[PDB]
J.: 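Encoded as structure tokens, here's the structure I'll be asking about.
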Amino acid sequence: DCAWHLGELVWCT
Amino acid sequence: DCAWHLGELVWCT
Amino acid sequence: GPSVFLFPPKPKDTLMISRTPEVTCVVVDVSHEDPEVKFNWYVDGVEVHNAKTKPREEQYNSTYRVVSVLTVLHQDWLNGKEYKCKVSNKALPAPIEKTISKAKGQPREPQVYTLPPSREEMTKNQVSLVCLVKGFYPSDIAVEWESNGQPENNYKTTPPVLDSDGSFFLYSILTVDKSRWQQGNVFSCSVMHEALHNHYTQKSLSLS
Amino acid sequence: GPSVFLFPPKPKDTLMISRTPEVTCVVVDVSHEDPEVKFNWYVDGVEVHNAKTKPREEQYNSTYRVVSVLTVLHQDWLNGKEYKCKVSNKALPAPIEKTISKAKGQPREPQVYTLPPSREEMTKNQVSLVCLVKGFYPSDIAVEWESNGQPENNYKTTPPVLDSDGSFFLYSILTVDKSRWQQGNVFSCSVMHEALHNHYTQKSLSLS
């Protein structure tokens, strides 16, 4: 699980 | 005593 | 189900006597099947009747929004007056109640400091002027920027940050064209907080 | 005398692993006669040494500003780590100590709702799309707006407002050209809070 914001890495689980 | 902000009335004392 | 928000009025509105502070009761996710909403407004318990009633507004999974705005009196809110909205809907187990009021506590004045552009800053096309504010209570505040009695709108201001002693601090940065700053123009940091004489103070800033 | 501000890091910085959260210790009103400032950084008591030391900056009644920035670790701040700056100056009775740390308390998720343009709104050249957020703790949050993986920068967001149960609420309004909205383009409300799975959630919004 990884979330992205405008192509930049937010967080991983 | 009255103070003004950009010509609009703030407060009076 | 249908959720409700009760918003306090813009701190400027409450501190500017030439303005109308208003508390706002937003109701979202109202259903197509059960659309009617009845608002009941209370000021420290006592019902009041002046509120405006805006029409429904189309939303999403066949839903609606309804808002009711109630005017408030500058001195009322300031006094510590508690405002209550009561929302009623055929889809509600019980009627929903929301409570907003100016934070209670021993008021404190904001201290304001200004930071002119750094040397590196001064090499760019656009320099930023900064304004630091601390020791204020409660957190409701309005910071704006002007130059020559005209508004300057190219700024951002951080939300108040809780301090270890109970007061609040923040900073605000206005960005401007270097030429405007080099020209000699004064730029002012307008701070409006309840605990300022006439709700107003102002530090300014220019070269050199 | 010389006043000191210790700023927490931008909530985005702390929630975006691809970013450098940093705590910032600003010292203002340092004198021309006694300019040297020594910073001491402590993390839960334990001294640390990595901090950056920026050069002095010309200020006003023959004064200076000095800033020292210390990087922090995403997981550190999040854990509840207390950060302490110790400022020392020949003009100081005693060395000044400031303490910042993520607010302690049982974390809560933000609920996010969107409001499309009203009918009156839809008559103007520029329509505003609105985003409501509530029930979040602590108040540190970042709300931004995008459309098609590009940023949308024409928005304002209210500071978190304290709720009667201990959580926080706010709203944010993005303004856009009506044609962009009429064209069918999706606009998204990006919310980053610690208590979101991967710190990220997003409600979106389009016609009709």
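Quick note on labels: first sequence line is chain A, next is B, and so on, each numbered from 1.
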J.: Nearest heavy-atom pair of D:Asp29 and D:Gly1: which atoms, and what distance?
T.: CB-O, 3.5 Å

J.: Answer yes or no: is there a donor N or O on one side and an acceptor on the other, between the side chain of C:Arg65 and the main chain of D:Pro116, under 3.5 Å?
T.: yes

J.: To the closest 0.5 Å, what do you measure between OH (C:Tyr60) and CG (D:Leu115)?
T.: 9.5 Å

J.: Would you say the side chain of D:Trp145 lies within less than 4.5 Å of the side chain of D:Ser190, judging by non-hydrogen atoms?
T.: no

J.: For the residue pair D:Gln183 / D:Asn185, report whether a side-chain donor-acceptor contact shorter than 3.5 Å exists.
T.: yes

J.: Does the ring center of C:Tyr171 lie less than 6.0 Å from the ring center of D:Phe5?
T.: no

J.: In sequence, state the C-alpha distance, the side-chain angles, and the governing distance for C:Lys12 and B:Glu8, and then conclude on salt bridge (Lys or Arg N to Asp or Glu O under 4.0 Å).
T.: CA-CA 12 Å; C:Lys12 207 174 78 158; B:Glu8 217 71 19; over 6 Å; no

J.: So how far is it from C:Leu15 CG to C:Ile141 CD1, rounded to the nearest 0.5 Å?
T.: 9.0 Å

J.: Quick one, C:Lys124 and C:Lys178 - any side-chain contact, counting heavy atoms below 4.5 Å?
T.: no

J.: Starting at CZ of C:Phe136, measure out to CG of C:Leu196 and round the result to the nearest 0.5 Å.
T.: 10.5 Å

J.: Among D:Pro159, D:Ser167, D:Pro160, which residue satisfies the side-chain contact (heavy atoms from CB on, under 4.5 Å) criterion with D:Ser139?
T.: D:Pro160

J.: For D:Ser128, enumerate each residue passing the side chain to side chain contact (heavy atoms under 4.5 Å, CB included) test, keeping only those at least two apart in sequence or located in another chain.
T.: D:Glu121, D:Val130, D:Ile173, D:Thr175

J.: Within this structure, what is the SG-CH2 distance for the pair A:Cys12 and A:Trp4, rounded to the nearest 0.5 Å?
T.: 7.0 Å

J.: Does CG belonging to D:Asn125 count more than 12 external heavy atoms closer than 6.0 Å?
T.: no

J.: Measure from the side-chain N and O atoms of C:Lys102 to the backbone N and O of C:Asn79, and report whether any donor-acceptor pair falls under 3.5 Å.
T.: no

J.: When rounded to the nearest 0.5 angstrom, what distance separates CD in D:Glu194 from CZ in D:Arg108?
T.: 10.5 Å

J.: Under the rule for salt bridge (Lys or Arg N to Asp or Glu O under 4.0 Å), what residues qualify as partners of C:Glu146, not counting sequence neighbours?
T.: none

J.: Does any part of the side chain of B:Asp1, heavy atoms only, come nearer than 4.5 Å to the side chain of C:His197, both counted from C-beta?
T.: yes

J.: Using 0.5 Å steps for rounding, measure from the CG atom of C:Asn89 to the OG atom of C:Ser31.
T.: 6.0 Å

J.: Side chains of C:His199 and C:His74, heavy atoms from C-beta outward: is any pair under 4.5 Å?
T.: no

